[PDB]
Amino acid sequence: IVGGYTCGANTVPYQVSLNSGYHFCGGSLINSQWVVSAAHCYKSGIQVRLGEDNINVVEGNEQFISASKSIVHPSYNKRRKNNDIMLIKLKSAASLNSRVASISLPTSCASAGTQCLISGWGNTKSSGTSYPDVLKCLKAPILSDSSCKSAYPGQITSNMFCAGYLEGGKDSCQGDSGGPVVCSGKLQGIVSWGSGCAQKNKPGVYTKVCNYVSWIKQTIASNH
Ligand SMILES: [Ca+2]
């Protein structure tokens with residue numbers, strides 16, 4: 001996250017870190033056994049780390065649980081980043097508490113101008129790299145269809161929305177991928193892609209979670 005602020009320990013209790021001996025992507029806990037992240041985050045050997053603040057120090061409240069299933073959308077297209085969504089099933093159920101909590105899936109799509117909370121341990125610099133110990137946060141509005149598509153001619157599908165700031169300076173970034181965009185208490189976005197980070201006229205682009213709710217429900221139901 002570029003241009004954000006320190007969330008404070010466990011204030012985003014559905015934020016998880018995906019770890020393969022290092023932090024590489026975010027995710028969102030949607031029930032005690034399942035995480036939503038980005039398809040582009042797929043790899044084998046995924047460990048899910050819940051209850052994190054400082055990802056470099058054991059502080060208490062951490063729960064680490066291996067992914068037992070990693071399910072990339074069957075239509076995920078890598079070059080176009082279309083359908084950038086992945087479900088992770090945890091080997092065992094997480095213990096849910098004030099510091100490890102699920103986030104609700106939307107019941108409808110959000111609108112342009114809606115203010116959301118985007119969070120992550122991703123790069124904090126739009127020029128060069130700096131990685132934070134503790135979870136960072138950014139409030140950002142959802143942009144109009146027209147603005148999103150002007151920003152990224154060719155590239156915007158209906159499973160994508162832009163959120164953030166055209167003047168530059170405030171964005172998600174590398175390492176935030178798969179992480180949450182939460183608006184009015186609902187998971188509406190998944191950090192997906194953008195051209196650099198926090199660049200003028202180039203806002204972040206996010207997986208449109210409202211289109212995937214039935215797919216999410218169906219995939220879980222059939223992976224019992
Ligand atoms: Ca920790």
# chains A, B, ... in the order shown; residues from 1 in each chain; ligands from 1
>>> residues_near_ligand(ligand="ligand 1", cutoff="9 Å", atoms="only C-alpha atoms and all ligand atoms", output="list in words")
residues 49, 51, 52, 53, 54, 55, 56, 57, 58, 59, 60, 61, 62, 133 and 134 of chain A
>>> write_last_selection(atoms="N, CA and C atoms", output="PDB file, in the first residue's frame")
ATOM      1  N   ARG A  49      -1.542 -17.372   7.020  1.00  0.00           N
ATOM      2  CA  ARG A  49      -1.237 -16.788   8.333  1.00  0.00           C
ATOM      3  C   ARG A  49      -2.316 -15.779   8.679  1.00  0.00           C
ATOM      4  N   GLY A  51      -4.550 -13.603  11.867  1.00  0.00           N
ATOM      5  CA  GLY A  51      -4.235 -12.890  13.123  1.00  0.00           C
ATOM      6  C   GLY A  51      -2.936 -12.104  13.106  1.00  0.00           C
ATOM      7  N   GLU A  52      -2.389 -11.880  11.917  1.00  0.00           N
ATOM      8  CA  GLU A  52      -1.127 -11.131  11.788  1.00  0.00           C
ATOM      9  C   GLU A  52      -1.248  -9.607  11.943  1.00  0.00           C
ATOM     10  N   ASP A  53      -0.296  -9.032  12.680  1.00  0.00           N
ATOM     11  CA  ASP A  53       0.085  -7.645  12.442  1.00  0.00           C
ATOM     12  C   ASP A  53       1.512  -7.497  11.884  1.00  0.00           C
ATOM     13  N   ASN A  54       2.507  -7.551  12.763  1.00  0.00           N
ATOM     14  CA  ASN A  54       3.889  -7.559  12.342  1.00  0.00           C
ATOM     15  C   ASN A  54       4.173  -8.916  11.785  1.00  0.00           C
ATOM     16  N   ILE A  55       4.359  -9.022  10.471  1.00  0.00           N
ATOM     17  CA  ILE A  55       4.552 -10.338   9.875  1.00  0.00           C
ATOM     18  C   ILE A  55       5.946 -10.914  10.089  1.00  0.00           C
ATOM     19  N   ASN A  56       6.833 -10.145  10.737  1.00  0.00           N
ATOM     20  CA  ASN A  56       8.210 -10.590  10.987  1.00  0.00           C
ATOM     21  C   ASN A  56       8.456 -10.970  12.445  1.00  0.00           C
ATOM     22  N   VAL A  57       7.464 -10.756  13.317  1.00  0.00           N
ATOM     23  CA  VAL A  57       7.606 -11.089  14.734  1.00  0.00           C
ATOM     24  C   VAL A  57       6.403 -11.906  15.204  1.00  0.00           C
ATOM     25  N   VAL A  58       6.633 -12.982  15.964  1.00  0.00           N
ATOM     26  CA  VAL A  58       5.552 -13.700  16.656  1.00  0.00           C
ATOM     27  C   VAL A  58       5.054 -12.918  17.882  1.00  0.00           C
ATOM     28  N   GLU A  59       3.859 -12.330  17.779  1.00  0.00           N
ATOM     29  CA  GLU A  59       3.320 -11.398  18.784  1.00  0.00           C
ATOM     30  C   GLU A  59       2.238 -12.013  19.664  1.00  0.00           C
ATOM     31  N   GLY A  60       1.676 -13.130  19.227  1.00  0.00           N
ATOM     32  CA  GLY A  60       0.537 -13.735  19.904  1.00  0.00           C
ATOM     33  C   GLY A  60      -0.619 -13.473  18.972  1.00  0.00           C
ATOM     34  N   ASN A  61      -1.658 -14.310  19.033  1.00  0.00           N
ATOM     35  CA  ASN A  61      -2.829 -14.227  18.105  1.00  0.00           C
ATOM     36  C   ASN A  61      -2.650 -14.797  16.680  1.00  0.00           C
ATOM     37  N   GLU A  62      -1.409 -15.130  16.280  1.00  0.00           N
ATOM     38  CA  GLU A  62      -1.162 -15.737  14.966  1.00  0.00           C
ATOM     39  C   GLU A  62      -1.770 -17.110  14.954  1.00  0.00           C
ATOM     40  N   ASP A 133       6.726  -4.077   8.117  1.00  0.00           N
ATOM     41  CA  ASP A 133       6.453  -5.131   9.104  1.00  0.00           C
ATOM     42  C   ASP A 133       4.960  -5.290   9.416  1.00  0.00           C
ATOM     43  N   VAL A 134       4.252  -4.179   9.585  1.00  0.00           N
ATOM     44  CA  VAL A 134       2.884  -4.262  10.089  1.00  0.00           C
ATOM     45  C   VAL A 134       1.886  -3.922   8.973  1.00  0.00           C
TER      46      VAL A 134
END
>>> residues_around(residues="residue 135 (chain A)", least_positions_apart="3", cutoff="6 Å", atoms="only C-alpha atoms", output="PyMOL selection string")
chain A and resi 7+53+120-121
>>> select_by_dssp(residues="chain A", states="strand (DSSP E)", output="VMD selection string")
chain A and resid 5 to 6 15 to 19 23 to 31 34 to 37 47 to 50 63 to 72 86 to 90 115 to 120 136 to 141 160 to 163 180 to 183 186 to 193 204 to 207
>>> residues_around(residues="residue 161 (chain A)", least_positions_apart="6", cutoff="9 Å", atoms="only C-alpha atoms", output="PyMOL selection string")
chain A and resi 142-145+148+189+204-208
>>> write_last_selection(atoms="C-alpha atoms", output="short mmCIF file (atom, residue, chain, number, x, y, z; two decimals), in the first residue's frame")
data_model
loop_
_atom_site.label_atom_id
_atom_site.label_comp_id
_atom_site.auth_asym_id
_atom_site.auth_seq_id
_atom_site.Cartn_x
_atom_site.Cartn_y
_atom_site.Cartn_z
CA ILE A 142 -14.57 3.06 -6.40
CA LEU A 143 -14.25 4.92 -9.72
CA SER A 144 -16.86 5.13 -12.53
CA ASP A 145 -16.83 2.63 -15.40
CA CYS A 148 -11.70 3.12 -15.28
CA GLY A 189 -12.73 -6.26 -4.39
CA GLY A 204 -5.61 0.10 -8.99
CA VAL A 205 -7.77 -2.49 -10.66
CA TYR A 206 -9.66 -4.99 -8.58
CA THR A 207 -11.50 -8.26 -9.06
CA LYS A 208 -15.25 -7.65 -8.93
#
>>> residues_around(residues="residue 119 (chain A)", least_positions_apart="5", cutoff="8 Å", atoms="only C-alpha atoms", output="number ranges by chain")
A: 1, 12, 15, 135-138, 172, 176, 179-181
